[PDB]
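# Structural features, examined
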Amino acid sequence: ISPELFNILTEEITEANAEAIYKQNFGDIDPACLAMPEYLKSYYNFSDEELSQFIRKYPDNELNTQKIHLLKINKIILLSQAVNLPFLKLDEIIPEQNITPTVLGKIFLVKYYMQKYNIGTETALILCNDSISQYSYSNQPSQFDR
Amino acid sequence: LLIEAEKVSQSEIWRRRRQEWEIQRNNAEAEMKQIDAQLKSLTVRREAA
Amino acid sequence: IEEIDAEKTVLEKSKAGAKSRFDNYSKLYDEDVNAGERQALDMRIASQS
Amino acid sequence: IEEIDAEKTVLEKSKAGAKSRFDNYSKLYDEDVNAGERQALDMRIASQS
Amino acid sequence: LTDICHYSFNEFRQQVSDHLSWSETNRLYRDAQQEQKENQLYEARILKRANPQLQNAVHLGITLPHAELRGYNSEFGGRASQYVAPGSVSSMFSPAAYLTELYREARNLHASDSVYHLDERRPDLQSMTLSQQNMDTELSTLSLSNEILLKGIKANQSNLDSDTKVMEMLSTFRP
Amino acid sequence: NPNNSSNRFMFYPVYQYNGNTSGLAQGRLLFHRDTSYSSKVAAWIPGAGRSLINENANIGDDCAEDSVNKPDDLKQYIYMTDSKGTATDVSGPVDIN
Amino acid sequence: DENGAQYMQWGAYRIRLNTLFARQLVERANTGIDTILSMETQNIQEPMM
Amino acid sequence: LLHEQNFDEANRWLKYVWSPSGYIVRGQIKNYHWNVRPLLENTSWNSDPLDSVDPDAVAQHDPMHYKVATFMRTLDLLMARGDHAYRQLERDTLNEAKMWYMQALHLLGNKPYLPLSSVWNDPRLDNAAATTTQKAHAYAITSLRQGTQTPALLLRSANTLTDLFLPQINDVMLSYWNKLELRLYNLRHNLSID
Amino acid sequence: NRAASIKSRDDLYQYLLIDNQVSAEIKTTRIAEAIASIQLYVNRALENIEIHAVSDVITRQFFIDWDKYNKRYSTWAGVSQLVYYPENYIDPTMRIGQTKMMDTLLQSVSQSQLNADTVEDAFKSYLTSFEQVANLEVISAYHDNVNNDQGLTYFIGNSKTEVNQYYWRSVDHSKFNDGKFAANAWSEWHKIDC
Amino acid sequence: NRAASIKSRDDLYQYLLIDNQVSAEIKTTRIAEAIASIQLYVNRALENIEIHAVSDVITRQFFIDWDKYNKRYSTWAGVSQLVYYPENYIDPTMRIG
């Protein structure tokens, strides 16, 4: 966790600072080609199985039609690339798409319990006093069904 | 045609001979690595003594 | 205990050598005849014809 | 301890023997065909011509 | 038009009174040639696209947009998405052989037969979907064999509710 | 354009004048594309500020009509796009006869 | 034909049966294999039917 | 010549057909890029390849398969030169191996991308196995071949033509990207071929 | 049903196309099991062991090619790939329809130690053998059928040598279309020995 | 530069003729690395894959002898020694002519 990444994840974004911090975080990328997930696969460098999970899946039809939330997805993508975790979790952790550093305390707790007791990723999420997820993904049964 | 048949048969038995040479070479190299690792075992026994 | 680890290494070496022999003989077995050997059988039957 | 040194000597002897086999088969492998063998292939193809 | 899956005996039963036999077998051979002409035109169209080719232009293996223009209006993108090393979608994997073996299979016996294919055990096949999960996962064969038997017994013979009803009446059944 | 193009595919535009041999009505902007799916192609000129778009973009080559017949505006930098993962930088004009 | 061609008049059709390729191949084949397999060798023309 | 491990003579024999670097005849670089003339101009010299099952017949009906075959021969030559370099473990020959595999990869380009998001719904078996789909399919292909109807866009016959299967790309050709990528991955770290 | 004669469990296996006596250790997929069911049904239908096979569908093209091509998955995949991708099966060593010219060339290069000049001399010998049949002259011919549009035609070849090695070839008139014989309508020259 | 189309790191490798993804375990000299850079450039120039190859220099005698003699170090050293020291390669067993 570099300090610059901590400034990216720390800051709060209204509609006022929106295009300013957009141009700060993207330069001159237009929101239209940023909206389509193929340039997301090209830029953010993911698998398309991984790209099933970001906004949603996407055929050439319009699906999970956003207006704009490009900064909120940027924080969670960069965080997941840092801490190496799937996206049911970072949906599940603070579903209000916001970051306060006690969320970073939580994620240090779960990463430390994983290393300490050598358990699964759902299992230390139980230890963060969070409920059992029933949502299924990755063509696999959920925490509940397993 | 019989002359050409004898020529190609002689070339083929040369190739099979060369393949047997290569199998013998690989067995020799494997035994050599085996004996080096057994030397490491023996010097460990020497330290124990 | 260090000695017994060195013995595991010498069995790794012998295992690798036997594995190389097995794969090489399996290759020369399943590739049963060459191209030129079948050409020799072709030249003989051409002479018969 | 004197015994264990004599055992290091017997592994030196086996190592030298396997090394000689390895070098000799590698030599006869890389020198794949002789001059006279290629002369035999030359005489056959001269007869074909 | 459809005269190759509908053979000259198929056409002969429809064509006892229609026309003369030497004209019929000429129609048979002409549409049998027409089927191969379909395969030639459609294939020599579609394999020009195949994406390991068109990234390297040093081949100069070139497409023509002219006849390419039409089938996307006709077949609606049947050339558009070519597919990866095989899965449940491909034209060369297991469900393709499976489908082209079904529609040759389902007319071997007449539908009034007890030995007829959809009648003899299998209304379940025409209900079955073709997903990637049906391709991939491995269940026990004996589990599916118990399942298809429960289906057939629960279906008509006793008109039961669930499997526990079946187990009750199997606890009943002596003889 | 590294910004708005995910693919490695380009448009190849050649602008046709009106007049001389093929007596046309207005100018038209030809282009070639290799993305085979039909779309619209917005040839937007930053300098003049007007765009030339052709709905139902044909496969490969296509005929796209320029509305205003003024070819000096087509001399500067041209931004063609798909709005579907393809954009192409167009510059360096050459007039030929 | 006078110039060296032969053809079968199949009604209104003329279809060529032989060629003078081996005649005019000799000049190209003088200097080596590279000249034989050129595009220039492939464009040798044949007279009118 | 390739099977007898004699490499540069095999390369100069492949250059009589398909030179990627272009041909030079008496000082002048020529325009053309293939050396066989009916490869430049596709000429089907066998009308009925589907008389029987023959790769030669289908190759004769369309010479672009001969182009692809020659291309795979060239790639086999380059990978063989790289592999025979790579087993002799001195350093400059490892650099030689790196430039041969890179020479192959810039012939190929990228690994090709396919959108995994597809049109394929998962249909019923009986719906997808409809003979109406087949009859409309055959009639549509003949209709495109004859040149008679107006193209239209309506999902009525496309209800039949949706459940057609999609074609897949060449698996044997797909093997080369993985194979060269893995060889070159072992080059980029300090591993062996094994 | 009482119409279906079923005594034992194996009779039930034959009637339901799926096995009940397999121990539950065996794992399979769904689609492969349905394939096995359908293949077992088709095998029982072709033998006329299950009674009253309808002869109308048995005569179709698919079931003539059942026993060789359509019975397994692998042969069906082989035929389907050999249509769209022949270059996986194009092998320049063995070509169907090969003259003896290429045969004696291949025999000339069929050894281990290959030098370039040996290849050159073999190529010159092949070139002479090509020269011999490129100069062929037609003495006379004979048409098969009563009228010129159908049937075959046999030619008789002359060389430009002394005591002659007369050659003959055949050509069909049925494969004629559009002002030109397609190249498969011709045949190879054959040698006459008497 | 935006003129040089560079998407990924391999594109950067092709543009700079030197590798960034090699792990630091590998040891080489300086001159051999510059040789590898120049050879990779010449290979990309002969294929006409990098655009606008000037045909004036390609027709020179050196690049006609590129593919056989000049592409590696070893064949170049063989030709250069076979000029000045033929007696290393004179063998009375096999004589041409």
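Reading the values: the criteria
Residues numbered from 1 in each chain as written, not as in the entry; some residues may be left out. Chains lettered and ligands numbered in written order. Part of a larger assembly, values for the part shown. Heavy atoms only, no water. Helix = DSSP H or I, 4+ residues; strand = E, 2+ residues; numbered from the N terminus. Buried < 20%, exposed > 50% of the residue type's maximum accessible area, 1.4 Å probe, protein only. Contact = heavy atoms within 4.5 Å. Areas by Shrake-Rupley, 256 points an atom, 1.4 Å probe, with all protein chains shown as cover. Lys, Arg positive; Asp, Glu negative; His and termini not counted. Charge placed at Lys NZ, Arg CZ, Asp CG, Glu CD. Polar contact = N/O pair within 3.5 Å; in protein donor to acceptor, adjacent residues only side chain to side chain. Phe/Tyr/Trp six-rings, centres within 6.5 Å; stacked < 30°, edge-to-face > 60°. Expected span 1.5 Å × (residues − 1). Arc of directions from axis to C-beta. Buried area = accessible area lost by both parts, 1.4 Å probe. Salt bridge = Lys/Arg side-chain N within 4 Å of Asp/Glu carboxyl O. Axes fitted to C-alpha atoms, helices over the stretch in contact; angles between N-to-C directions. Parallel < 35°, antiparallel > 145°, perpendicular 65-115°, else oblique. Left-handed = near helix turned anticlockwise from the far one by under 90°. Pairing = 2+ DSSP bridges.

- In the PDB header, cryo-EM is given as the technique by which the entry was determined, and 4.0 Å as its resolution.

- As recorded by the PDB entry, chain J carries the name TcdA4 and is attributed to Photorhabdus luminescens.
- According to the PDB record, the title of this entry is "Cryo-EM structure of Photorhabdus luminescens TcdA4".

- If you check the PDB entry, chain C appears there as TcdA4 from Photorhabdus luminescens.

### Overview of the overall build of chain J
- Along the backbone of chain J there are 6 helices and 0 strands.
- For chain J, the succession of helices and strands along the chain, N to C, is α-α-α-α-α-α.
- Viewed in the frame of its principal axes, chain J has a C-alpha envelope of about 60 × 40 × 20 Å.
- Classification of the 97 residues of chain J by burial places 19% in the buried group.
- A separation of at least 24 residues holds for 24% of the contacts in chain J among residues at least 6 apart in sequence.
- Of the roughly 7600 Å² of accessible surface on chain J, a fraction of 58% belongs to carbon and sulfur atoms.
- Between the averaged position of the 11 positive side-chain charges in chain J and that of its 12 negative side-chain charges there is a distance of 3 Å.

### Overview of the arrangement of the chains
- Here the protein chains form 18 pairs of chains in contact, of which the pair with the most contacts is chains E and H.
- If you take every C-alpha in chain A and every C-alpha in chain D, the smallest gap between them is 45 Å, and the two do not touch.
- In this assembly chain G lies apart from chain J, the nearest approach of their C-alpha atoms being 15 Å.

### Brief notes about the environment of E:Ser143
All names here are of chain E.
- Within the fold, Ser 143 resides in helix α8 (residues 141-157).
- Look at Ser 143 and you get partly exposed, because its relative accessible area is 36%.
- Polar side-chain contacts of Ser 143 include one of 2.3 Å to the backbone oxygen of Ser 140.

### Considerations on the packing of aromatic side chains
Residue and element names in this part refer to chain J.
- Across all of its chains, the model carries 34 aromatic pairs over all chains by this definition.
- Look at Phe 62 and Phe 63: their rings are 5.1 Å apart centre to centre, the planes differ by 90°, and that puts the pair in the edge-to-face class.
- Note on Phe 62: relative accessible area 42%, which makes it partly exposed.
- Taking 6.4 Å as the distance between ring centres and 40° as the angle between the ring planes, the aromatic pair formed by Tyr 73 and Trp 76 counts as tilted. Residue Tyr 73 and its partner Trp 76 are both found in helix α6 (residues 73-84); the two are separated by 3 residues, about one turn of the helix.
- Relative accessible area serves as the criterion here: at 59%, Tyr 73 is assigned to the exposed category.

### With respect to helix α8 (residues 116-134) of chain I
All names here are of chain I.
- Over its 19 residues, α8 runs 26 Å from end to end, which matches the ideal 27 Å to within 8%, given 1.5 Å per residue.
- Within α8, the full set of buried residues consists of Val 119, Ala 122, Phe 123, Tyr 126, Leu 127 and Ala 134. Along the axis of α8, the buried residues cluster in a sector spanning 150°; they form a single face.

### Comments concerning the interface of chain E and chain H
- At the interface, 59 residues of chain E touch 60 residues of chain H.
- Together, the buried faces of chain E and chain H total about 5600 Å²; carbon and sulfur atoms form 61% of this surface.
- Per-residue buried area on chain E facing chain H is highest for E:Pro52, E:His59 and E:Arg70; these three make up 12% of the total on that side.
- Taken together, chain E and chain H are joined by 1 salt bridge.
- One salt bridge in this structure joins E:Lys48 and H:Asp62, with 3.7 Å as the shortest N-O distance.

### Some details on the environment of A:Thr65
- With respect to the secondary-structure elements, A:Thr65 resides in the loop between α4 (37-44) and α5 (71-83).
- Under the relative-accessibility criterion, A:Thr65 is labelled exposed at 53%.

### Here we look at the side chain of I:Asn158
Residue and element names in this part refer to chain I.
- Looking at where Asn 158 falls in the secondary structure, it is placed in strand β3 (residues 152-158).
- In terms of polar contacts, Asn 158 uses its side chain to reach the side chain of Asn 164, at 2.3 Å.
- The residues contacting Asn 158, other than those within four sequence positions of it, are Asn 135, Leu 136, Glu 137, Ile 139 and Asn 164.

### Thoughts on the packing of helix α4 (residues 64-86) of chain H against helix α9 (residues 171-188) of chain H
All names here are of chain H.
- α9 packs onto α4 with a crossing angle of 20° between their chain directions and a minimal axis gap of 12 Å. As judged from the angle between their axes, α4 and α9 are roughly parallel. Between α4 and α9 lies a crossing of left-handed hand. For the pair α4 and α9, the contacting residues are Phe 71, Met 72, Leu 75, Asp 76, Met 79, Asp 83 and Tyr 86 in the first and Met 173, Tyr 176, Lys 179, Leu 180, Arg 183, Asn 186 and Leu 187 in the second.

### Quick word on the sheet that holds strand β3 (residues 41-44) of chain F
Residues and elements named next belong to chain F.
- Taken together, the 4 strands give an open sheet; going across it, the order is β4-β3-β6-β7, and neighbouring strands pair in antiparallel fashion. On the outer flanks of this sheet lie β4 (51-54) and β7 (87-90), each paired with one strand and no other. The average undirected angle you get between the axes of adjacent strands in this sheet is 15°.
- Alignment of β3 against β4, held across 4 bridges, turns out to be antiparallel. Across the sheet, the residue bridging to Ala 42 is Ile 53, located in β4.

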